[PDB]
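**Q** Please read through the structure below; I'll follow up with questions.
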Amino acid sequence: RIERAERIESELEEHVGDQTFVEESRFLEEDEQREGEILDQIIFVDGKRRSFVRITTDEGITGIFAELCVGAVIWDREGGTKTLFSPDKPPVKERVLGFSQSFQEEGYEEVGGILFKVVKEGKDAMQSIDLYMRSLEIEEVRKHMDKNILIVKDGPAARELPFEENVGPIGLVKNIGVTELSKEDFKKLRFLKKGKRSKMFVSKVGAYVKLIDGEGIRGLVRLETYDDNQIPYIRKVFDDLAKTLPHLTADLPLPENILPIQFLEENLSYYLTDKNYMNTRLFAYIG
Amino acid sequence: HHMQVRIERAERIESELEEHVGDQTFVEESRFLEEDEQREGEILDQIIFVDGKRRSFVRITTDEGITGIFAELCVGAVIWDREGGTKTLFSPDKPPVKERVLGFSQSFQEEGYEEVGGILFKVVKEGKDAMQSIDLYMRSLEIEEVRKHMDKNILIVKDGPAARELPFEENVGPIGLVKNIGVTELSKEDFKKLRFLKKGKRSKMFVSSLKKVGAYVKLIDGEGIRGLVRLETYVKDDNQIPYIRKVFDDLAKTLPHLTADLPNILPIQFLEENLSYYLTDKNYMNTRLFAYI
């Protein structure tokens, strides 16, 4: 019996693992899933990465030349969705060279006149790059904290940035491999009607929200963020997003990749360097 | 001072959803057969190469959370003849082995075959993840394709790792040819010496400890690790070592003549390209799979 299906893009694709569960689910027994409304405005923040060239050093270390582009849109119940950047004021774009933390050096690599920041906090090159784009993302959330508008940030919640009043930020999680719930409860989720939410659970607290119809974890998303007097504040935010987010999507052929977010991702991609151009430039100094 | 990054290999990255590539791995001490020495070899008159090609379609998640992958594997062989170069040991009228598989982790508890849209997929589930299960199955298909040619008294070279299921036999091998040399099986300082091997040169043989024997060979000119492959085989009697030594000498001599240094080795490239012909169109398969799932 099938809960999700996705097309495979290449023969080198991530060996994706089975979903992971826990022995017992840390629910909030008193889960008050009240009804919500519709938010006037949500700010969405996300990042796009482009990967150019993989190298191996003389010490055996694998490195990845990449570029990360991060930014934001405003959604508006009245006023659709718009970019917080423009060709005149382009979103942040950073060239990086990712290594595992086994790489002994630090700073910048100049290849072909272009400086690539060495980024090496992860266990391997690509994880180091993902860790870094997360920090740039956090930085972009920080650029609008005082706007008094709810900020939804693609990916995991940001430990660095705990939950505020009318802002968040709130992590939106599409890939739910590590479920945090147990199997008997997760299994249960698949029968959630388009718009319903689970009971909140905590490690840092989370809730799964369903965004379309038909059973199975497509449309299933998980909201999460990081003083227990804040729970009523954010519990409303969860009650308001489970209302609001289904209206910002639809189905066609993806689902969980919500409309404003796809518009944002399209827009960041516009700013990324052409792959063939960049690779040709880099290869003139590597090979 | 300015940052010194010494690059031994560089490769274009094809998509963003790739399995993470890790650093190369080393061992504390290299177990070289120090008595070994490369001697001049002879160009082989014939070699059979065996390889496989896979095409992945759709990834699924079951209700129990097990990630699954629908795929197809196609396996076959070419014979390379020093007079007549390369031919497929298969043809459109006698097509190579093609199997549709549904890969899962060990955690999958059913078995046999799954039908989807009237198409049978063999459940394949030996591994830790779905793709691992697929790779182990093609390896088993490649081993079967080797067995088919053992009778011919011709050297057989299998793309990928040596197969312990097939210990070295005197004229035939098989010999594994490893081109992805991440787990190096040598110490770092010894591994670093290899980038200086010249074309047609091999390291000394080295041993795993029922034993694997291996040597590195340099197939092209120039001093990085492109062109560096590992030949290896499993050996039963240590008195077979002389015979393996000669094969390694002969492959070290012969294989560089079957490469280009320009933009795999050529016979294998031709094999893979031909195998590819027989694989099912992706748009067709994926649409039918998504419809019936």
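Ordered as shown in the structure tokens, chains take letters A, B, and onward, while each chain numbers its residues from 1 and ligands are numbered from 1 in the order shown.
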Give the residues of chain A that lie within 9 Å of chain B; count only C-alpha atoms, and format the answer as a PyMOL selection string.
**A** chain A and resi 1-20+49-64+99-100+102+105-110+123-127+177+183+187+190+216-217+279+283+286-287
**Q** Give the helix (DSSP H, G or I) residues of stretch 85-175 of chain B, as assigned by DSSP on the backbone, as a ChimeraX atom specification.
**A** /B:130-147,150-152
**Q** So, counting only C-alpha atoms, which residue among B:75, B:123, B:143, B:258 is closest to residue B:227?
**A**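 Answer, going by the shortest atom-to-atom distance: B:258.
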**Q** Excluding stretch 209-211 of chain B and its own-chain neighbours fewer than 4 positions away, which residues fall within 8 Å of it when counting only C-alpha atoms? Please give them as number ranges by chain.
**A** B: 31, 234-236
**Q** Based on the selection just made, write C-alpha atoms of those residues as a CSV table (one decimal), in the first residue's frame.
**A**
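Resulting contents of result_30.csv:
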```
chain,number,residue,atom,x,y,z
B,31,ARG,CA,49.7,-5.1,3.0
B,234,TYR,CA,39.6,-13.4,-4.9
B,235,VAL,CA,42.1,-16.1,-4.7
B,236,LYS,CA,41.7,-19.6,-3.1
```
**Q** Can you tell me, as a tab-separated table (two decimals) with N, CA, C and O atoms, in the first residue's frame, what residues are no more than 8 Å from stretch 84-95 of chain B when counting only C-alpha atoms, ignoring any on the same chain fewer than 6 positions away?
**A**
```
chain	number	residue	atom	x	y	z
B	76	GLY	N	25.13	-7.58	-19.54
B	76	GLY	CA	25.66	-8.23	-20.70
B	76	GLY	C	27.13	-8.11	-20.81
B	76	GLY	O	27.77	-7.60	-19.92
B	77	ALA	N	27.63	-8.54	-21.95
B	77	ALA	CA	29.05	-8.63	-22.21
B	77	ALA	C	29.41	-8.29	-23.63
B	77	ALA	O	28.61	-8.45	-24.55
B	78	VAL	N	30.62	-7.77	-23.79
B	78	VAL	CA	31.30	-7.64	-25.08
B	78	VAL	C	32.57	-8.48	-25.09
B	78	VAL	O	33.24	-8.69	-24.06
B	267	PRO	N	35.93	-0.41	-24.87
B	267	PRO	CA	35.03	-1.55	-24.89
B	267	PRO	C	33.84	-1.49	-23.91
B	267	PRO	O	32.75	-1.92	-24.28
B	271	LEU	N	29.89	-1.26	-24.49
B	271	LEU	CA	28.99	-2.16	-23.82
B	271	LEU	C	27.84	-1.44	-23.18
B	271	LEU	O	26.68	-1.86	-23.37
B	274	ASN	N	25.37	0.12	-25.60
B	274	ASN	CA	24.50	-0.93	-26.13
B	274	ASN	C	23.48	-1.41	-25.11
B	274	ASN	O	22.35	-1.72	-25.47
B	278	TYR	N	18.44	-1.22	-24.73
B	278	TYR	CA	17.37	-2.12	-24.33
B	278	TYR	C	16.51	-1.63	-23.16
B	278	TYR	O	15.58	-2.29	-22.78
```
**Q** Could you pull out the strand (DSSP E) residues of stretch 62-163 of chain A from DSSP and send them as a PyMOL selection string?
**A** chain A and resi 62-76+81-83+92-99+108-111+114-119+150-154
**Q** Go ahead and dump the residues you just picked, N, CA and C atoms, as a compact mmCIF listing (two decimals), in the first residue's frame.
**A**
```txt
# COMPACT_ATOMS: atom_id res chain seq x y z
N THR A 62 36.89 15.24 -0.47
CA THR A 62 35.96 15.64 -1.49
C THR A 62 35.51 17.07 -1.26
N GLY A 63 35.49 17.88 -2.33
CA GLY A 63 34.99 19.28 -2.29
C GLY A 63 33.96 19.59 -3.36
N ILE A 64 33.07 20.54 -3.08
CA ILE A 64 31.97 20.88 -4.04
C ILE A 64 31.87 22.39 -4.23
N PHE A 65 32.06 22.83 -5.47
CA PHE A 65 31.90 24.22 -5.84
C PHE A 65 30.42 24.43 -6.08
N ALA A 66 29.86 25.36 -5.33
CA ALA A 66 28.44 25.63 -5.41
C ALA A 66 28.17 27.10 -5.23
N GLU A 67 26.91 27.44 -5.37
CA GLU A 67 26.43 28.78 -5.15
C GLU A 67 25.05 28.66 -4.50
N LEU A 68 24.78 29.52 -3.52
CA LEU A 68 23.53 29.53 -2.76
C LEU A 68 22.86 30.88 -2.92
N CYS A 69 21.56 30.87 -3.16
CA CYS A 69 20.79 32.08 -3.35
C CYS A 69 19.58 32.07 -2.43
N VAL A 70 19.49 33.04 -1.54
CA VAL A 70 18.49 33.02 -0.46
C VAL A 70 17.63 34.27 -0.50
N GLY A 71 16.34 34.13 -0.22
CA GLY A 71 15.49 35.30 -0.14
C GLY A 71 14.07 35.03 0.31
N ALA A 72 13.19 35.99 0.03
CA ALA A 72 11.87 36.00 0.63
C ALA A 72 10.77 36.52 -0.32
N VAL A 73 9.54 36.02 -0.14
CA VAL A 73 8.33 36.67 -0.69
C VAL A 73 7.37 37.11 0.45
N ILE A 74 6.51 38.10 0.16
CA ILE A 74 5.31 38.40 0.99
C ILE A 74 4.11 37.80 0.32
N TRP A 75 3.34 37.01 1.05
CA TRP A 75 2.02 36.66 0.59
C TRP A 75 1.01 37.60 1.30
N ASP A 76 -0.12 37.81 0.64
CA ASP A 76 -1.15 38.75 1.05
C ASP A 76 -2.51 38.18 0.67
N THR A 81 1.03 37.40 -4.08
CA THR A 81 2.37 37.16 -3.55
C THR A 81 3.40 37.99 -4.34
N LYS A 82 4.42 38.53 -3.65
CA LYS A 82 5.51 39.31 -4.32
C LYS A 82 6.91 39.09 -3.74
N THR A 83 7.93 39.24 -4.59
CA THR A 83 9.34 39.11 -4.17
C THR A 83 9.85 40.31 -3.37
N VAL A 92 20.66 37.84 -1.87
CA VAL A 92 22.02 37.37 -1.54
C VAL A 92 22.37 36.13 -2.33
N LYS A 93 23.59 36.09 -2.84
CA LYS A 93 24.12 34.99 -3.63
C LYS A 93 25.58 34.82 -3.23
N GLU A 94 25.93 33.62 -2.81
CA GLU A 94 27.24 33.35 -2.26
C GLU A 94 27.80 32.13 -2.92
N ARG A 95 29.06 32.20 -3.27
CA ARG A 95 29.78 31.14 -3.90
C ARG A 95 30.52 30.44 -2.80
N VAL A 96 30.37 29.13 -2.71
CA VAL A 96 31.00 28.36 -1.65
C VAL A 96 31.76 27.16 -2.21
N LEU A 97 32.72 26.68 -1.44
CA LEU A 97 33.40 25.44 -1.71
C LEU A 97 33.21 24.58 -0.46
N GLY A 98 32.40 23.53 -0.55
CA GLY A 98 32.10 22.69 0.59
C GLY A 98 33.08 21.54 0.72
N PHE A 99 33.51 21.29 1.95
CA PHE A 99 34.35 20.14 2.35
C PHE A 99 33.78 19.60 3.63
N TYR A 108 39.12 31.32 1.73
CA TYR A 108 38.57 31.48 0.39
C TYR A 108 39.45 30.77 -0.62
N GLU A 109 38.82 30.17 -1.63
CA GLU A 109 39.52 29.60 -2.78
C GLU A 109 39.29 30.46 -4.00
N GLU A 110 40.33 30.98 -4.61
CA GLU A 110 40.19 31.71 -5.88
C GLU A 110 40.34 30.74 -7.03
N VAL A 111 39.27 30.49 -7.76
CA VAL A 111 39.40 29.73 -8.99
C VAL A 111 38.87 30.57 -10.12
N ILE A 114 37.25 33.88 -9.45
CA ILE A 114 36.07 33.86 -8.59
C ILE A 114 36.46 33.32 -7.23
N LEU A 115 36.05 34.00 -6.15
CA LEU A 115 36.34 33.58 -4.77
C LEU A 115 35.21 32.69 -4.22
N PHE A 116 35.55 31.54 -3.68
CA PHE A 116 34.55 30.59 -3.16
C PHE A 116 34.82 30.46 -1.66
N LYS A 117 33.85 30.77 -0.82
CA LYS A 117 34.07 30.64 0.63
C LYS A 117 34.16 29.17 1.03
N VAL A 118 35.17 28.82 1.81
CA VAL A 118 35.27 27.45 2.24
C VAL A 118 34.31 27.25 3.38
N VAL A 119 33.49 26.22 3.27
CA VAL A 119 32.45 25.99 4.23
C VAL A 119 32.59 24.50 4.61
N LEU A 150 3.94 37.24 10.25
CA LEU A 150 4.27 35.83 10.43
C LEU A 150 5.23 35.36 9.32
N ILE A 151 6.36 34.80 9.74
CA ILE A 151 7.40 34.38 8.83
C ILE A 151 7.43 32.87 8.79
N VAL A 152 7.14 32.28 7.63
CA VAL A 152 7.33 30.85 7.44
C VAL A 152 8.61 30.58 6.65
N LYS A 153 9.45 29.72 7.21
CA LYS A 153 10.77 29.43 6.70
C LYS A 153 10.78 27.98 6.26
N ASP A 154 11.14 27.75 5.00
CA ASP A 154 11.21 26.39 4.50
C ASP A 154 12.29 25.62 5.25
```
**Q** What's around residue A:265 at 8 Å? Count only C-alpha atoms, leave out sequence neighbours fewer than 2 positions away in its own chain, and write the answer as a short mmCIF file (atom, residue, chain, number, x, y, z; two decimals) with N, CA, C and O atoms, in the first residue's frame.
**A**
```
data_model
loop_
_atom_site.label_atom_id
_atom_site.label_comp_id
_atom_site.auth_asym_id
_atom_site.auth_seq_id
_atom_site.Cartn_x
_atom_site.Cartn_y
_atom_site.Cartn_z
N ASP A 46 13.23 31.14 1.92
CA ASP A 46 13.72 29.88 1.38
C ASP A 46 15.08 30.13 0.72
O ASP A 46 15.55 31.26 0.67
N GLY A 47 15.70 29.06 0.23
CA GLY A 47 17.00 29.13 -0.47
C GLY A 47 17.08 28.13 -1.59
O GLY A 47 16.49 27.06 -1.51
N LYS A 48 17.79 28.50 -2.66
CA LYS A 48 18.15 27.62 -3.77
C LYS A 48 19.68 27.41 -3.89
O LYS A 48 20.47 28.33 -3.73
N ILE A 261 5.73 29.61 -2.30
CA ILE A 261 7.06 29.04 -2.19
C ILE A 261 7.60 28.70 -3.61
O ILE A 261 8.69 29.09 -3.93
N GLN A 262 6.81 28.02 -4.44
CA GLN A 262 7.26 27.77 -5.80
C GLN A 262 7.56 29.06 -6.55
O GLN A 262 8.60 29.16 -7.19
N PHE A 263 6.72 30.08 -6.39
CA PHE A 263 6.99 31.39 -6.97
C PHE A 263 8.32 31.98 -6.48
O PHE A 263 9.08 32.56 -7.25
N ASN A 267 11.94 32.36 -8.61
CA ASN A 267 12.53 33.69 -8.65
C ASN A 267 14.00 33.69 -8.24
O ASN A 267 14.81 34.31 -8.87
N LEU A 268 14.35 32.94 -7.21
CA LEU A 268 15.76 32.82 -6.83
C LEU A 268 16.63 32.19 -7.92
O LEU A 268 17.77 32.61 -8.15
N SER A 269 16.09 31.17 -8.58
CA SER A 269 16.77 30.49 -9.65
C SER A 269 17.18 31.42 -10.75
O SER A 269 18.23 31.24 -11.33
#
```
**Q** Write out as number ranges by chain the residues lying within 8 Å of stretch 37-40 of chain B, counting only C-alpha atoms and excluding same-chain residues fewer than 2 positions away.
**A** B: 34-35, 42, 201-204, 249-250, 253
